[PDB]
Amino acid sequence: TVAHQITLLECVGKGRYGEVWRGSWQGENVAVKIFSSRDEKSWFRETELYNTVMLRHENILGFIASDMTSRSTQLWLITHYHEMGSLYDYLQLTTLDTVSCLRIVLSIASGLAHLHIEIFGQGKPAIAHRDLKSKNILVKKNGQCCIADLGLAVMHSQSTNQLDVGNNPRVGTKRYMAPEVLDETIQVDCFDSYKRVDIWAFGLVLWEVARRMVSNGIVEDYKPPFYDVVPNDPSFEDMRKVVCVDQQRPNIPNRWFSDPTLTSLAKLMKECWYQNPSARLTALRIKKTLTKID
């Protein structure tokens, strides 16, 4: 396998996802994610999606191989290596201009609309991600991004009209959970519920990015969504009180209203955050609006 022709060179991150290494695949740099022993289901689900679907797009992390190897058993997922790393890390490294901000959020919208749309082709089922955040989006050398971490993905096919929810005890990152997830009101048998959860998450990511775009000499420091009202590693109950009971949304800095681009992005992210999931914009409507914005 690719794993047997692959040498780990250096650990570029460790956390809740497991570990990510820069590896050498017959000399070529690749990313190797080593799953936690507790997270076999995420490895199995991502491997399943990458191997069984035509999941190949500029704005989705490029799959090379999955592998099992001794070191106990380790489960590896081998992909394209993006030397700039995650959007989370990148937003701490730098501020953005108008072109850079729009290129990042349009590229995320394009990946997410590509996951959400069924293609009959060639083709692919509709896919909801269910754990979108700035830490599982990669920054590419051209300034576009790509979406990673499909281990919670849910699939729908119009031909069979069947929802494939998989079998993974993992739940989303608590900070990014939509209100319907947190108060357990989500309609688990309707595919559209899952897409709407991605739109809430995407809204928070748009907020994270937009804070870092400079306008009229002013920029915000990088903060995660709800930095002001929940602690690090917030509990399910911490989040439930903020989003379901108090019905709070991230604050729009006043300085955005002196910039045409940030004014349009403030409009967009609030229509991602309707408490009523049915009222949120779709990934395709977001893509179209971002293509028009200057």
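Sequential numbering from 1, following the sequence displayed.
- Counting the deposited residues that fall between residue 71 and residue 72 and carry no coordinates gives a value of 1 to 3.
- According to the PDB entry, the deposited sequence runs on from residue 169 to residue 170 with no residue lacking coordinates between them.
- Per-stretch averaging of Cα B factors for 114 to 122 and 213 to 221 places 114 to 122 on top.
- Annotation for 38 to 46 versus 226 to 234: the higher mean temperature factor (C-alpha) is found in 226 to 234.
- Per the PDB entry, 184 shows the highest C-alpha temperature factor of the residues 97, 184, 83, 208.
- Residue-level inspection of the entry shows that, of 191, 176, 76, 88, 191 has the top Cα B-factor.
- Per the deposited record, the Cα B-factor of residue 52 falls in the highest third when ranked against the other modelled residues of its chain.
- The entry lists a Cα temperature factor for residue 274 that places it in the highest third of the chain's modelled residues.
- Compared with the other modelled residues of the chain, the Cα B-factor recorded for residue 33 ranks in the lowest third.
- Among the modelled residues of the chain, residue 204 sits in the lowest third by CA temperature factor in this PDB entry.
- Per the deposited record, the Cα B-factor of residue 161 falls in the highest third when ranked against the other modelled residues of its chain.
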